[PDB]
Structure formats: structure tokens, C-alpha cells
Amino acid sequence: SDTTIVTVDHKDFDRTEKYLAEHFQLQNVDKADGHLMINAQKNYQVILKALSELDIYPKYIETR
Amino acid sequence: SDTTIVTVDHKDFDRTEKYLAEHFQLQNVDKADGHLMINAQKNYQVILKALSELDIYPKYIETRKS
């Protein structure tokens with residue numbers, strides 16, 4: 001029942017928030033620290049590619 | 001967390017391996033499973049941008065104790 005946390009630059013948070021809300025199952029957000037928690041992605045390729053197309057590159061990505 | 005592991009498609013392994021060795025401390029490798037181990041990375045942006053420019057997107061990336 002694990003979860004995937006994406007961490008981005010503050011300047012990328014709003015667009016990352018918008019994209020993940022529209023394209024994945026967005027659960028929690030912690031804007032102060034730049035974290036967004038979505039349903040676990042076993043393979044990161046699709047999310048990393050889509051964010052790259054927005055010129056967004058995560059500071060971090062991890063699965064609890 | 002001692003090390004960062006980058007996992008790619010077999011397709012991307014050689015090019016990813018060349019990139020990681022040129023910019024980081026490439027340590028162990030597992031070509032069969034697509035794993036490349038480098039010194040631990042606190043911030044993933046530099047690696048992800050560089051690989052994105054090569055149209056390479058990791059299957060996985062993680063920082064474990066090793």
C-alpha cells in the first residue's frame with residue numbers, strides 16, 4: 001500500500017501539482033517542502049518523462 | 001544512505017553507464033538487471049536533466065544504505 005513522493009523546486013510546484021492532479025492519483029501535498037504524494041509508481045519512466053516535457057526535473061523521487 | 005542506484009532499460013544501459021562514469025563515481029554495475037551504482041546523490045536534478053537530454057528516463061532511481 002506504498003506511495004510515491006515527488007519533490008520539486010518551489011518554482012515548479014504549482015505546475016507539477018497541476019500535472020499530477022490531472023494525470024495521476026494525487027493524494028497529499030506539502031508545498032512548504034515541495035513534496036507531492038501520488039499512488040505508487042513501480043516504474044518511474046512515464047512520470048519522469050512527462051515532467052521533463054514541462055521542463056520539470058525532480059529534486060527527489062522515492063517510494064515509502 | 002550510502003549509495004544511489006540508477007536503473008534503466010537495457011536499451012539505455014551503455015549510454016547511461018558512460019554518462020554516470022564521466023560525472024560521478026561509478027561503482028558496481030548489474031547489466032542484467034539494468035542497475036548502476038554511483039556515490040549517493042542528495043538532489044537528482046542534474047542526473048535527470050542530463051539523461052533526459054539523451055531521451056533516457058530511468059525505470060528507477062533510489063538511494064539506499066550500502
Side-chain angles (χ1 to χ4, degrees):
Chain A
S1 78
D2 279 4
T3 199
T4 289
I5 307 159
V6 180
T7 304
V8 297
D9 288 333
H10 292 111
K11 69 169 288 171
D12 298 326
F13 180 86
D14 288 335
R15 288 170 285 114
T16 304
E17 188 182 41
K18 182 144 178 275
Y19 163 89
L20 296 182
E22 294 177 351
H23 300 81
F24 301 78
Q25 198 209 359
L26 182 61
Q27 290 171 26
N28 215 23
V29 279
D30 174 4
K31 177 159 177 187
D33 297 332
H35 303 306
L36 303 98
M37 166 177 321
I38 62 169
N39 54 307
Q41 304 289 309
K42 173 174 148 296
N43 181 319
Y44 292 166
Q45 281 183 322
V46 176
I47 190 165
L48 294 171
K49 184 172 190 267
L51 292 179
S52 90
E53 287 183 346
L54 300 163
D55 201 31
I56 295 170
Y57 300 92
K59 295 174 61 188
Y60 214 75
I61 176 162
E62 77 176 307
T63 296
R64 65 99 68 86
Chain B
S1 71
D2 274 343
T3 203
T4 290
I5 312 309
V6 180
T7 304
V8 297
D9 289 332
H10 292 327
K11 186 131 155 193
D12 304 321
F13 186 85
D14 290 343
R15 197 58 191 85
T16 305
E17 184 175 29
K18 185 182 174 178
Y19 167 80
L20 290 178
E22 290 177 349
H23 299 82
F24 306 91
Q25 194 205 332
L26 187 63
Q27 298 169 37
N28 219 319
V29 313
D30 175 3
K31 179 155 179 185
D33 297 298
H35 301 303
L36 300 151
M37 166 175 85
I38 61 169
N39 52 305
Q41 298 298 309
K42 159 93 165 66
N43 184 321
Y44 292 164
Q45 282 186 324
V46 167
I47 274 160
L48 295 170
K49 279 177 207 175
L51 291 178
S52 183
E53 196 283 329
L54 301 162
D55 282 322
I56 295 169
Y57 303 94
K59 292 171 60 189
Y60 215 77
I61 175 163
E62 73 173 302
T63 298
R64 73 175 65 136
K65 284 73 58 213
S66 211

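Note on naming: letters A, B, ... go to the chains in the order of the sequence lines (proteins, then strands), and numbering restarts at 1 for each one.
With B:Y60 as the partner, the side-chain contact (heavy atoms from CB on, under 4.5 Å) test is satisfied by one option alone out of A:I61, A:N43, A:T63: A:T63.
A:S52 is not listed as a side-chain neighbour of B:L48, based on a closest heavy-atom distance of 4.5 Å or more. Between B:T7 and A:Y44, the closest side-chain pair of non-hydrogen atoms is not below 4.5 Å.
Using a 4.5 Å cut-off between heavy atoms, B:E62 makes no contact with chain A at all.
Under a hydrophobic-cluster definition in which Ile, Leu, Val, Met, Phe, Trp and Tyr are linked whenever side-chain heavy atoms come within less than 4.5 Å, directly or via other members, B:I5 and B:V8 are assigned to different clusters. There is no path of hydrophobic side-chain contacts, each under 4.5 Å, that joins B:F24 to B:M37.
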